[PDB]
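Undergrad: Line order of the protein sequences matches chains LR, NA and LQ. Residue numbers for the first sequence, in the authors' numbering: 573 to 707, 718 to 815. Residue numbers for the second sequence, in the authors' numbering: 496 to 539, 586 to 593. Residue numbers for the third sequence, in the authors' numbering: 5 to 28, 38 to 504, 520 to 687, 745 to 774, 791 to 917. Dropping a structure here in structure tokens format, bear with me for questions.
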Amino acid sequence: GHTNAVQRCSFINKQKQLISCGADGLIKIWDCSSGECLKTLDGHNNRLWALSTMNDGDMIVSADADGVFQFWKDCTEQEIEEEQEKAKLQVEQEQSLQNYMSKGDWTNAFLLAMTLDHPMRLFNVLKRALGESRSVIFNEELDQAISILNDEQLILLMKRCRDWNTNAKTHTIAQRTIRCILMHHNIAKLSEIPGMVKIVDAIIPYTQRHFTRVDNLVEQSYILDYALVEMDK
Amino acid sequence: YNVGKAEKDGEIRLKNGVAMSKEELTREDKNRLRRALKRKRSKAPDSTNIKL
Amino acid sequence: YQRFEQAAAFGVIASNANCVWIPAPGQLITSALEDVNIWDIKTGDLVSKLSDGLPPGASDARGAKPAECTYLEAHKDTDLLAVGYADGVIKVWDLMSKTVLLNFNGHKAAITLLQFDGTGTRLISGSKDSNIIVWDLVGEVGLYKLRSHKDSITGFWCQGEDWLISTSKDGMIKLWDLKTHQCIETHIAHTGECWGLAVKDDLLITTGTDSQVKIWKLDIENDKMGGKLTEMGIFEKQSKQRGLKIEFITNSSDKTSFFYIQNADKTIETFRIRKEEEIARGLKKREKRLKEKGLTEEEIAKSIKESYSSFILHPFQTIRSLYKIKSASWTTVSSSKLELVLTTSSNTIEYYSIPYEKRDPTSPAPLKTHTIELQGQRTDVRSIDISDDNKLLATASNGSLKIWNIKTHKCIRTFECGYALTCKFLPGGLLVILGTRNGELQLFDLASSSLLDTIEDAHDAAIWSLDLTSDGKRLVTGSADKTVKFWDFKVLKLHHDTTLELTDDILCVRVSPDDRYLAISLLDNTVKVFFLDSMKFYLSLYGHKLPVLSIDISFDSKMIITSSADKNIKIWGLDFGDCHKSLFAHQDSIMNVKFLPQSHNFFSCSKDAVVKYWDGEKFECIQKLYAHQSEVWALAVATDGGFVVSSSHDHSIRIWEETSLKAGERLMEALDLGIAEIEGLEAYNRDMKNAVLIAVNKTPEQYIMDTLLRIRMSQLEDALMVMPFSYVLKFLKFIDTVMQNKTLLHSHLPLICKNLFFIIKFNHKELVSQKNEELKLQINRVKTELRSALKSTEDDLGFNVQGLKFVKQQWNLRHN
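Next comes the structure, spelled out in structure tokens:
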């Protein structure tokens, strides 16, 4: 797997692994049992003539022909702990989310489904939360939550509302969410965020189509005036 | 603009405008959606061993 | 023809399932494939045998292998036994009546765990399909299903109706709310699989794939939404293999608590829970040792957390057995001693006792006081035979030769031997001869119950095959050394006579009943025939892709069968060696083929666990016999042909004895029905001043509205067009009812509007005719709320578009 001549070879991790230096300047860590390159370290731009190991390779010192030293420190347990915590935190978020939906804590549920990036839940958060509002835009707590969203947090939402706006069966939820943002944020900051304008491009035509519709439905309501005035006669 | 395919690999967005994260999808829902796609795609010697 | 039927099965003490112990050492309930054993540990005899019925081979019998029981659970007070099978079926058995009471089928895979509730009225089952179902024994129905786990359910705990903790093979631990049928907490128990789970009060212990053992405290009433399970510490057990089962026991006299961790290896590691005073004493004692070492107060505190697990847990003793352990269970707890019972994978039951005093045990190792081994064999049987009198069955296995009574099914004698390969009785039934893999020929006597003679240098390799002439004086044996050696009996001892050196390994040697022919199978895919009188080459047969495995010659020495690993039974004729027919009998390698005596009908057993009985003339398989769970290594036929006996890889010896509403219209009734409720609900009101709907469990307006959505748009207008006028008036009343429900209307405002408008257009001239003043007021209200409901929508649409335009312009100015 080395592009050029391999100049140094030393074992690390007991019999398990081997580290090698090449004239290319690449350090490749291999598995002796399987003979496969597990990791490649590239901290040099010239041939490597020296390689010093300590504590079964826990400390690796490599010297460049140019005169540069890379003191590599093993940290595998460090990263592995990090992914475990991320997964652990990750798992807690769904279970916290699901119960919020069952309990009806929508204002916080908005945060969780957003962070987990769950569209159905997110769409379900706004839909039935809006229904409770029918029973300022949505409610004081959720409206404030929408205010605190950061730019990337805002990037995700109008992507969803754009898609929701396209469908007439779901545009109404999208419109109110757009209304909340425009009134709880500095529009100047919105226009500055990259990607808003292109997402905002798609929202104009569909919104106009919805506006042209519904207006027509109110027209068809005025049949009823004819019923009242005629049936009054 | 028209709704298309998922930008993120872990999402399913239909032309209805609804996006679906695979993580929140339940197993039964995932199965039917997989079958739903399929319909869309479809029309488109050793003595010891030998003895013992 | 006549039918073959499973008369009886035996040779199994404990199959691949758990063991349930009941007090009187008392009795033990163990698994034997499809049936359940009840043993008496003291006597070592089978007390009763629990079999549903429908013995394999009957016409009513099903055409597939029976499902083996996988888990046993018995409710002591109610004297009921629940048996879980590999197919996901639960059979509740009446122990006294020895009969099935209830049958539950809700699992698609093998059942992993069963658990009666404390009161014994509800049963909880976990299966490999990752579902937990709570059954109602009194109601004979599954109350509900828990479907969050993503792999096989390894273990769970439920000592109260409120909560259930479940472990699964996906490495997950989950807490369930039995009142909401939902999972409340979710934590990753281990990096890979999670196999063990035992709970004692707040204490909770789980075992993963590795030696790591985690500790969790159970604060059910935390109600913080988190930390009902909090990981406290990790302790490493000695065994590096996975821990399968963990189960607690308390001593009533001293409140002393103990548990074990059943490992996948041959070891059980017992532990003790230290008492609070010991922990308080130990905590103080460890403080001074660190303090005198000069550690800082913050260092010593961290060290205690690092060694937190050590404070509560005390390794007590390790049980070592000769075989891999399949299951274990505490039997009795007392201050004097601690006793355990276990089952191995090698078909035996072992009972252990641990005498102890205070913290540590008295003896270095546990005491094995009892075992049940006589009625089974540790290793699978490789060859079987029947005595000429058809009374004795000798089953040669690796390390032991056991002889059985076909009637009483009780092993009469046992003889230690090597890796036995082929066994067969001698005339008179008084001697048995074995061919071992080490090249040794061993001769045994039942009356002396000992070995008569052994020939260590009989062959240079395994004695793969062995036979006798009809006179019984001459022996022919095949071995992997590529030789056939002839032997004689002279008063009893064996003398070598002649050697026939062949080209390749020999896989079978069979002598014709008339002692004229001798068929020898070779590893080169051919079977070699000689004349026994002169040993002159006669015939060679070709056609098998893979080496032959069994040869038999008809009673009249005309027809010969040959079975091989290529899954084909080929029938040959000695007159010319022509292939009369080749049969694709089984799906796997066929081990043995035997002719029925005085007939050309023959048998065939293969690795696919199927025994097939064939017609030697019509070349048709008359009957399929599905009884075995694994490979059928050996097969033997009675001299009279009354029965055929088979032993399989599953340690079982089995004997076979010889015996309409149109769309839109539905909207009319659905409309009318909820209306009567509305006036009915209103009728109750002015007084103060149905069954279907209750089943629907939705409001009449909801139910009517749900119907309207269900109607397809293409047929909506016509359904609304079929609407009778007097019925139309009621639809207006329904719209009124929707209108007071503001939220429901907003959810489905557009669809309501189109239907109303079409109806008003539909019967405009009728509506004006109606002069009911109250009907004016119903009309009037419908708008002012509708107009306001509509008017809000355009305003929101208008607000969005205007600002959305404005943001567009600002960026355009900025970038242009």
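Think of the CB as a built atom: it goes at the ideal place given N, C-alpha and C, for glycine as much as any other residue.
1) Report the rounded CA-to-CA distance for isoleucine 397(LQ) versus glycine 441(LQ), giving the unit in angstroms.
2) Specify, as a first and last residue, the run of the beta strand (DSSP E) that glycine 209(LQ) falls within.
3) For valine 638(LQ), is the classification buried or exposed, using 16 other Cβ atoms within 10 angstroms of its Cβ as the cut-off for buried?
4) Give me the Cα-Cα distance between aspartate 587(NA) and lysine 495(LQ), rounded to the nearest whole angstrom.
5) For the beta strand (DSSP E) holding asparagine 798(LQ), just list the boundary residues, first then last.
6) Along chain NA, in chain order, which residues have C-beta atoms closer than 9 Å to that of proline 691(LR)?
7) Can you tell me whether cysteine 762(LR) is buried or exposed? The criterion is at least 16 other CB atoms within 10 Å of its CB, across all chains shown.
8) Return the residue from the list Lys645(LR), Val718(LR), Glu722(LR) and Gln650(LR) that minimises the CA-CA distance to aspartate 677(LR).
9) Given a threshold of 16 other Cβ atoms within 10 Å of its Cβ, counted over all protein chains shown, does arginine 530(NA) qualify as buried or as exposed?
10) Pick from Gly139(LQ), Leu914(LQ) and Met109(LQ): whose alpha carbon is nearest that of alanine 122(LQ)?
11) Just to confirm my understanding: we take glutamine 667(LR), look at its own chain, exclude 5 residues before and 5 after, and list those with CB closer than 8 Å. What are they?
12) According to DSSP, is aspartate 594(LQ) part of a helix, a strand, or is it coil?
13) Does the beta-carbon of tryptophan 642(LQ) have 16 or more other beta-carbons within 10 angstroms, so that it is buried, or is it exposed?
14) Pull up the distance between the alpha-carbon of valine 557(LQ) and that of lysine 609(LQ), whole angstroms please.
15) For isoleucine 781(LR), which residues from the same chain have a beta carbon less than 6 Å from its beta carbon, with the 5 sequence-adjacent residues on both sides left out?
16) Please confirm if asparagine 590(NA) has its CB atom under 9 Å from at least one CB of chain LR.
17) Quick check: what's the CA-CA separation for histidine 767(LR) versus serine 729(LR)?
18) Answer yes or no: does any C-beta atom of chain A fall closer than 9 Å to that of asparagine 798(LQ)?
19) With three or more C-beta pairs closer than 8 Å as the rule, is the stretch 799–806 of chain LR touching the stretch 696–706 of chain LR?
20) When the Cβ atoms of the stretch 126–140 of chain LQ are set against those of the stretch 159–167 of chain LQ, are three or more pairs found closer than 8 Å?
21) Tell me which residues of the stretch 752–786 of chain LR have at least one Cβ-Cβ distance to chain NA shorter than 8 Å, keeping chain order.
22) If the cut-off is 8 Å on Cβ atoms, which residues from the stretch 526–541 of chain LQ count as contacting chain NA, listed in chain order?
23) With a 10 Å radius around its C-beta and 16 neighbouring C-beta atoms as the bar for buried, classify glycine 173(LQ) as buried or exposed.
24) How is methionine 626(LR) classed by DSSP in three states: helix, strand or coil?
25) Would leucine 528(NA) count as contacting chain LQ if we go by Cβ distances under 9 Å?
26) So, under 8 Å CB-CB, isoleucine 618(LQ) and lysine 595(LQ) are touching, yes? Tell me the CB distance rounded to an integer number of Å.
27) Output yes if chain NA places a C-beta closer than 9 Å to the C-beta of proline 575(LQ); else output no.
28) Could you list the residues in the stretch 477–504 of chain LQ with a C-beta less than 8 Å from some C-beta on chain NA, going in chain order?
29) Three or more beta-carbon pairs under 8 Å between the stretch 804–819 of chain LQ and the stretch 852–869 of chain LQ, yes or no?
30) Classify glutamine 615(LQ) as buried or exposed, calling it buried when 16 or more other Cβ atoms lie within 10 Å of its own Cβ.
31) Give the straight-line distance between the Cα atoms of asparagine 732(LR) and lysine 831(LQ), rounded to the nearest whole angstrom.
32) Could you list which residues in chain NA have their beta carbon closer than 9 Å to that of residue 919(LQ), in chain order?
33) Per DSSP, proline 368(LQ) forms a beta bridge with which residues?
34) At which residue ranges does the stretch 409–478 of chain LQ contain complete beta strand (DSSP E) runs of 3 or more residues, listed in the order of the chain?
35) Take every Cβ of the stretch 482–494 of chain LQ, pair it with every Cβ of the stretch 441–454 of chain LQ, and state whether three or more of those distances are shorter than 8 Å.
36) Relative to the C-alpha of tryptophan 25(LQ), which residue among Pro69(LQ), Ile860(LQ), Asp92(LQ) and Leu326(LQ) is closest?
TA: Here's the rundown:
1) Along the third sequence, one-based indexing puts residue 397(LQ) at 384. Along the third sequence, one-based indexing puts residue 441(LQ) at 428. Their backbone Cα atoms lie some 17 Å apart in a straight line.
2) Indexing the third sequence from 1 puts residue 209(LQ) at position 196. From DSSP, the beta strand (DSSP E) with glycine 209(LQ) extends over 207–213.
3) Within the third sequence, the letter at position 610 stands for residue 638(LQ). Buried.
4) In the second sequence, the residue the question calls residue 587(NA) occupies position 46. In the third sequence, the residue the question calls residue 495(LQ) occupies position 482. Their Cα atoms are separated by approximately 14 Å.
5) For the purposes of this step, residue 798(LQ) is taken as residue 697 along the third sequence, with counting starting at 1. Taken as a continuous stretch (DSSP letters only), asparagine 798(LQ) belongs to no beta strand (DSSP E), as it is neither H nor E.
6) Numbered from 1 along the first sequence, position 119 holds the residue referred to as residue 691(LR). Result: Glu506, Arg508, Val513, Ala514, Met515, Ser516 and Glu519.
7) Taking the first sequence and counting its residues from 1, the one referred to as residue 762(LR) is at position 180. When all chains shown are included, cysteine 762(LR) counts as buried.
8) On the first sequence, position 105 is the one that residue 677(LR) refers to. Here the closest residue by C-alpha is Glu722(LR).
9) On the second sequence, residue 530(NA) is found 35 positions in, with the first residue counted as 1. Under this definition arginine 530(NA) is an exposed residue.
10) As a first step, residue 122(LQ) is located in the third sequence; it is residue number 109 there, counting from the start. Considering only alpha carbons, the answer is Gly139(LQ).
11) For this step, residue 667(LR) is matched to residue 95 along the first sequence. No residues qualify anywhere along the chain.
12) Along the third sequence, read from residue 1 onward, the residue named residue 594(LQ) stands at position 566. In this structure, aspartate 594(LQ) counts as coil in the three-state DSSP scheme.
13) Translated into positions along the third sequence, residue 642(LQ) becomes position 614. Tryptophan 642(LQ) comes out buried.
14) Taking the third sequence and counting its residues from 1, one reaches residue 557(LQ) at position 529. Taking the third sequence and counting its residues from 1, one reaches residue 609(LQ) at position 581. Each residue's alpha carbon lies about 19 Å from the other.
15) Against the first sequence, residue 781(LR) aligns to sequence position 199. Leaving aside the five residues that flank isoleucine 781(LR) on each side, the residues in its chain whose CB is nearer than 6 Å to its CB run, in chain order, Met740 and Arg744.
16) Working through the second sequence from its first residue, we reach residue 590(NA) at position 49. Taking 9 Å as the threshold, the shortest C-beta distance from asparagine 590(NA) to chain LR does not fall below it.
17) Translated into positions along the first sequence, residue 767(LR) becomes position 185. Translated into positions along the first sequence, residue 729(LR) becomes position 147. If you take the alpha carbons of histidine 767(LR) and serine 729(LR), they lie about 6 Å apart.
18) Going by chain labels, chain A is absent from the structure shown, which instead holds the protein chains LR, NA and LQ.
19) The stretch 696–706 of chain LR makes no contact with the stretch 799–806 of chain LR; the number of CB pairs closer than 8 Å stays below 3.
20) In this structure the stretch 126–140 of chain LQ touches the stretch 159–167 of chain LQ; the number of beta carbon pairs closer than 8 Å is three or more.
21) Per Cβ criterion, the list reads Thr752, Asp783 and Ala784.
22) Correct list: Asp533 and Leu535.
23) Stepping through the third sequence from its first residue, residue 173(LQ) is reached at position 160. When all chains shown are included, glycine 173(LQ) counts as exposed.
24) Translated into the one-based positions of the first sequence, residue 626(LR) becomes position 54. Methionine 626(LR) carries a strand assignment under DSSP once its states are collapsed to helix, strand and coil.
25) Within the second sequence, residue 528(NA) is the residue found at index 33, counting from 1. No, because no Cβ of chain LQ sits closer than 9 Å to the Cβ of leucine 528(NA).
26) On the third sequence, position 590 is the one that residue 618(LQ) refers to. On the third sequence, position 567 is the one that residue 595(LQ) refers to. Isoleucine 618(LQ) to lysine 595(LQ), Cβ: 7 Å. Contact.
27) Taking the third sequence and counting its residues from 1, one reaches residue 575(LQ) at position 547. Closer than 9 Å to some Cβ of chain NA, the Cβ of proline 575(LQ) qualifies, so yes.
28) For the stretch 477–504 of chain LQ, the beta-carbon criterion of a distance under 8 Å to any beta-carbon of chain NA is satisfied by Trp477 and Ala493.
29) Contact holds between the stretch 804–819 of chain LQ and the stretch 852–869 of chain LQ, because three or more Cβ pairs, one in each stretch, are under 8 Å apart.
30) For this step, residue 615(LQ) is matched to residue 587 along the third sequence. Result: exposed.
31) Translated into the one-based positions of the first sequence, residue 732(LR) becomes position 150. Translated into the one-based positions of the third sequence, residue 831(LQ) becomes position 730. In this model, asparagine 732(LR) and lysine 831(LQ) are separated by some 52 Å (Cα to Cα).
32) One cannot answer for residue 919(LQ) here, as it falls past the ends of chain LQ, which runs 5 to 917.
33) In the third sequence, residue 368(LQ) corresponds to position 355, counting from 1. BP columns for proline 368(LQ) point to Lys350(LQ).
34) Whole beta strand (DSSP E) segments, 3+ residues: 424–438, 444–449, 454–458 and 463–468.
35) As far as the Cβ criterion goes, the stretch 482–494 of chain LQ touches the stretch 441–454 of chain LQ, which means the pair count is three or higher.
36) Start at 1 with the first residue of the third sequence, and residue 25(LQ) comes out as number 21. Measuring C-alpha to C-alpha distances from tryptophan 25(LQ) to each of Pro69(LQ), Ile860(LQ), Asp92(LQ) and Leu326(LQ) identifies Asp92(LQ) as the nearest.
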